[PDB]
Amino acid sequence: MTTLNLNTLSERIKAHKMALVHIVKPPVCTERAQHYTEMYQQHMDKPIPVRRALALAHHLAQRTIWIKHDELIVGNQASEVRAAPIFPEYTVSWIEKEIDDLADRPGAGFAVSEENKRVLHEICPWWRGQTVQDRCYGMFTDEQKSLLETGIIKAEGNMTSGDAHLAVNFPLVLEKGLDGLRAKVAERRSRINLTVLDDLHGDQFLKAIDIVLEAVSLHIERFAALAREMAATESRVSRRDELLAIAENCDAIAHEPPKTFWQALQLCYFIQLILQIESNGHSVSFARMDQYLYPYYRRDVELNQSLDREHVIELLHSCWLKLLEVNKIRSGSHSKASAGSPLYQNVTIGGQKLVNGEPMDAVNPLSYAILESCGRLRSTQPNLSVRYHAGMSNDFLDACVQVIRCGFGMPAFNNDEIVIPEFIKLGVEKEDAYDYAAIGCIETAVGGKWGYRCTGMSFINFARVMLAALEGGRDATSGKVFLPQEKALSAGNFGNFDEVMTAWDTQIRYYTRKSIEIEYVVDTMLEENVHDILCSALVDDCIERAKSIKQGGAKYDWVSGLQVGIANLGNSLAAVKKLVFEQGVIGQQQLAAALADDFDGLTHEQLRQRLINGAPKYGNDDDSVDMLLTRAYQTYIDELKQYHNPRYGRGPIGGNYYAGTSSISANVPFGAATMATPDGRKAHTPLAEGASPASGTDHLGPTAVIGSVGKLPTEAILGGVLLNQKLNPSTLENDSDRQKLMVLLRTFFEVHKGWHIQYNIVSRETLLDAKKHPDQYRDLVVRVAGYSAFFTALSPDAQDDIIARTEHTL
């Protein structure tokens, strides 16, 4: 049975990793901001796509590049290590407001030089009115502005950043190389007829693509020249040869399709890198790297032995650390939903493949080498996701638990047993459905053939809507009544609990329509102003259609928003149903006063405990509450069926919505703006994250949790059902308990058709000593919600929310 070595790192990688983790307050880079402003100003006469393509080519040619830390995979995102570039086309509002207050922000600090401070005040004024965000607010209705003002609906990630949230078609890049893609664009332009309106627009986008494809080849050649320059001055023979090998690799993949594993991996990273230079969208993913890079691995390692397996791990480590170098700056408020400065760069391994139309297990030696390399490095990037299926061997599943015991949150699991059948049901072609991948956190899509944001659209706070449904449509936090209704607890005029559910149904249908109206504005402002030239080029079928992903270029296009406060909604309605209506133990007006009073006073404080412990809670396998949550959630799911997403009918298959709960760390900020709820939660405290049970309310062990989670309408929540789980390391020291988990996994995915599970393995004492002496735990990694983060890079608000999570035993 494969036993992985999960401790050894080369001295090169150790020093490289150590250099990155000790950058506690990374700098900010303005190079991209300058060069984009320069080209936007010089090319106002060009169409926006061409203008943006010329902006990227100017930046790539003029920006600072370097090769550092004796790296074997080259390509820097910004002028300084771990620097965040600035992207002014999306917004400058928070930049101008916060530019002097970026050092001391809890959990999101950045160092800004005075010259960068000087440059930003010269650039940002020109972008006012032209940014994506300013244009969104030039079109929002006042009602929509007010909704976004209260925070009951939020879409800040969409208005201040590029979409990304996808994987490009790496097989296409590897098969054709950069010259082959330029040839593809030329053959497509030869079929342009300039007296046909669509072709006139199409040709300008194809021109943009060619400008960017040429620039990327020139940029790879620029690094090749840099490697040769450094090789001539590098005295160490070992490093000199590597630099020359790097220069030769770059020369090859600048034009021709890769021939070796090292070349193919470097090319794939170049794409991953430049995607995050042209756009600051996060969750840029590699999709099934263990599949499309395996032919090179097999040849170089197994057949010809030009490389040793250990060399491949070193190369993977090199790539992983470059992924950790990628950084992104967010506003002070939006950073609280993104605790740990994450970029969610996902890598998918495992799963199945089709051979002559028939499915087989896809796990291969490269799958093992990738899993092992992540176990040795124990970093936040990549966000490793494993595709489970019934045919996966115990050996590989055992190797996965071995890495879970390394205590950095990975690998996480997706489930072919639900993803493949439902994707096919939706209209994903069979060959594509079997080749799906994980994107960002838990969301899934067909890599290289899918539009942006399989999840990651607008956020609805279910708890605040529920409070409004319980109180005449009034939002407790803001006081505004967006949808008036007559029934309210303070009035005591609910005659049934059925009437409470009609109130919820009618309120959530209103906020659902508003959320979609808001997304239509934001998506269209992204469509018209911030085309992704390189990203669109590498997603089927934008080249042939001659338009961007956001215009309908992708073969598939389904998206989902995020519903926040899942456990709180169910627990709250169940407490109401049981204690107020079924038992007559709590009065409607009595409850409203405790909620408005935030359970203040001894009298109200024991009423609160009756709500906490006197009514069943989500996560204990009790149907009286679990099925109620599903019933309330189902109304949102059904309402989504009345709408299409903006790309509907414009090329892509689907063009519709579904649900999702991969709400990252939005539970803490959303809860901070949520008043007391009837589930016993006090005002301003975090909500349950993702779809996990509320912390400290699941008392019947892990098996009871998956019984509850499995009862959600998982098939309609293809944005993902996020299930966290925290264990003490001692709960997996014995093979007895490791096997106990592996059977728990197979049962969750095969019996209950679960979507995903991720594991924290860490003692409560360790996380408290990480608060005490940070310099001690600089490399301590922790699973937040869909991704991993360094515990000492978290703010205390998120540190404690993780510490408060339920610790389970097997």
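Numbers for residues come from their place in the sequence shown, where the first is 1.
Asker: Can you tell me which stretch has the higher mean Cα B-factor, 480-488 or 287-295?
Answerer: Taking the mean B-factor of the alpha carbons in each, 480-488 is higher.
Asker: Of the two stretches 31-39 and 738-746, which shows the higher Cα B-factor on average in the entry?
Answerer: The recorded data point to 738-746.
Asker: From 165, 239, 117, 376, pick the one with the largest CA B-factor in the entry?
Answerer: Max CA B-factor in the entry, restricted to 165, 239, 117, 376: 117.
Asker: Sorting 52, 59, 69, 773 by Cα temperature factor from the record, which one lands on top?
Answerer: Each of 52, 59, 69, 773 was compared by C-alpha B-factor; the highest is 773.
Asker: Taking only the Cα B-factors deposited for this chain, tell me whether residue 310 sits in the lowest, middle or highest third.
Answerer: Middle third by C-alpha B-factor.
Asker: Which third, lowest, middle or highest, does the C-alpha temperature factor of residue 449 belong to within its own chain?
Answerer: Within its chain, residue 449 is a lowest-third residue by C-alpha B-factor, going by the deposited values.
Asker: Taking the entry's C-alpha B-factors for this chain, is residue 65 in the lowest, middle or highest third?
Answerer: Within its chain, residue 65 is a lowest-third residue by C-alpha B-factor, going by the deposited values.
Asker: Thinking about Cα B factors across the chain, which third does residue 499 belong to?
Answerer: It falls in the top third of the chain.
Asker: Select lowest, middle or highest to describe the third in which the CA B-factor of residue 539 falls within its chain in this entry.
Answerer: Answer is lowest: the recorded C-alpha B-factor places it there.
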